[PDB]
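Starting off, we have a lone chain in the form deposited without this ligand, written out as structure tokens.
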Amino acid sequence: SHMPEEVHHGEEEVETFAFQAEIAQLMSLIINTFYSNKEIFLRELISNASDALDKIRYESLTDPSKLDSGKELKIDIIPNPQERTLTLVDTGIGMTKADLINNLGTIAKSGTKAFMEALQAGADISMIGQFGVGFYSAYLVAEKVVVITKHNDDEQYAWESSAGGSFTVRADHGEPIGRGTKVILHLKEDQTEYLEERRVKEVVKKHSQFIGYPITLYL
């Protein structure tokens, strides 16, 4: 029966951070190059998911309660030709909001300057994993990457960038993943090749056959 007036909204519902110099410098190169062997994105993203699973396994051996949110350690590949998106879900340790921002937005600067300098010495984009910046190879076939993430010491937040030199961080109000990292790739229009059931099967068998975690394809 009274009149409401929101004096203060609180925390910003979308925080626009800016990549480091080298990081945004590489993301543009990865988008612009005409690299044919661009299937490594699935090797690097899966490999990075395996690293998140090793972490949640490590800390669980001294604390089983860290698996109260998720018992199984899996890697899911979810194609979606409708929204032209290929989702990659791993039930790893995930990231905190502070960790999510920093990992993808700052510390990549180290191996990024090294990877580009290596490219000046005749290195291949295939060798991007050796630098730990293998995540950004996902822009070989994507024009937009969205990362959903949940941790056992924070809430669920979303990471979004189209390599404009900046990325946005917002509290993800949607499907609860429980724990881990959910990398939603918005594929380029000419890269729906990796959205076909058959195509995904070979890349997993050709590259990431060293993974010690079950790779399920929901196609």
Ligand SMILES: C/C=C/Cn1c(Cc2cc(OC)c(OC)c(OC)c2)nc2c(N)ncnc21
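Residues that one form lacks are left out of the comparison. If you superpose the two forms and keep the largest set of C-alpha atoms that fall within 1.5 Å, you have the rigid core. In this text, residue numbers run from 1 along the sequence as written.
Below, we turn to the form deposited with this ligand bound, even though it does not appear here.
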item	value
This ligand overlaid from its position in the bound PDB entry: site open or blocked at 2.4 Å backbone/C-beta	blocked
4.5 Å heavy atom contact, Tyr194 to this ligand in the bound PDB entry	no
Contact test in the bound PDB entry: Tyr157 vs this ligand, heavy atoms, 4.5 Å	no
is_contact(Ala52, this ligand) in the bound PDB entry, heavy atom dist at most 4.5 Å	yes
Contact of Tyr136 with this ligand in the bound PDB entry (heavy atom, 4.5 Å)	yes
Residue (of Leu73, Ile77, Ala108, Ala142) lying close to this ligand in the bound PDB entry, criterion heavy atoms within 4.5 Å	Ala108
Segment assignment from 186 to 194, 43 to 51, 28 to 36, 60 to 68: heavy atom within 4.5 Å of this ligand in the bound PDB entry	43 to 51
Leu86, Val200 and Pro214 all contacting this ligand in the bound PDB entry, non-hydrogen atom within 4.5 Å	no
Within 89 to 119, the residues that have a heavy atom no more than 4.5 Å from this ligand in the bound PDB entry	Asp90, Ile93, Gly94, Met95, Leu100, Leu104, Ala108
Residue ranges moving between the shown form and the other one (criterion: at least three consecutive CA positions shifted 2 angstroms or more, core aligned)	102 to 107
